């Protein structure tokens, strides 16, 4: 039975092997939509070459590469199973992986979708909170794909561009957070500080009106309401790259800072991610939870498990898609509004790309 509804899952993607690091980094630092750099066409290759060695080592420390592909697949397949049941009219569904900087690229996925003769195409972002740097860049890629070849899509497009407070997403983090608290020494539980660690963004992106920080902050609130404020918490930011200013406080300074101030029991939460990858398995689990923790003398620092294979997360993706279809909306209302200080000509086009679809 021919596939009827295609769900394109969008994310950054990561290198599968050490041999894939360099090209991954080149594509990444060349992407003006992610972040701007002077003479980016020439600076990117320089950055890529210089950075490749230490990143390769980091990947070797966590198994030899990023597992983002396998988790995205496990989540997609689970979503499809529930969709075929939840929405019979939308015939069989099929998910497509659209990574921004590694195979399968966003462009390759779209081609396969067109090749499949689908009727419906849904750009489903895997970034729950929207940033023009993440979901925005991935969507711009879909627009430019058709714009370059200069042909109209052979399928109906629509997009779920964000879902920062979806109740099942909130329940997963809350569930994962409770299971972690249960593992601190009992007499230290009520003292544990919950640090929600979202990926940071350069202030050059934040100060243009990026929706990201506010949406992340929204995810944090919901989760803490569900936990009914059982513990104190803070929203900190990880993974800053380069010397320019980024949104702080940084997760590392925060962990170090709490530890030197009497708060030696910390629970980390990768609130802006959907699966394990370098940002969690290496940065949070090794760099901070092993090295930094040991040097500052932390008594207990743990991290809530990533959404990964949680059945409930799969239920969340399917429910979002089903509701999306039932609604007939082409995109969120927020997508119809670009950054007040947006200076990217493509944004206007991408926006129109989804708001233009008939049916």
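Positions refer to the first chain, counted from 1.
* Higher average CA B factor in the deposited record is what I'm after, so tell me if that's 34-42 or 62-70. => Comparing averages over the C-alpha atoms only gives 34-42.
* To do: Would you tell me which stretch averages the higher CA B-factor in the PDB entry, 350-358 or 2-10?
  => The stretch with the larger average C-alpha B-factor is 350-358.
* To do: Name the residue from 276, 285, 111, 252 with the greatest C-alpha temperature factor listed in the entry.
  => In the PDB entry, the greatest C-alpha B-factor among 276, 285, 111, 252 is found at 111.
* Asked: Whose CA atom has the top B-factor in the entry, of 270, 243, 257, 88?
  -> It is 88.
* **For residue 100, the third of its chain into which the C-alpha B factor falls** => Lowest third.
* To do: Classify residue 193 as lowest, middle or highest third according to the C-alpha B-factor given in the PDB entry, relative to its own chain.
  => It falls in the bottom third of the chain.
* **Modelled-residue ranking by C-alpha temperature factor, third containing residue 107** => It belongs to the highest third of the chain when residues are ordered by C-alpha B-factor.
* To do: Sort the modelled residues of this chain by their C-alpha B factor and say whether residue 28 lands in the lowest, middle or highest third.
  => It falls in the bottom third of the chain.
* To do: Among all modelled residues of this chain, ranked by Cα B factor, put residue 142 in the bottom, middle or top third, i.e. lowest, middle or highest.
  => Within its chain, residue 142 is a middle-third residue by C-alpha B-factor, going by the deposited values.
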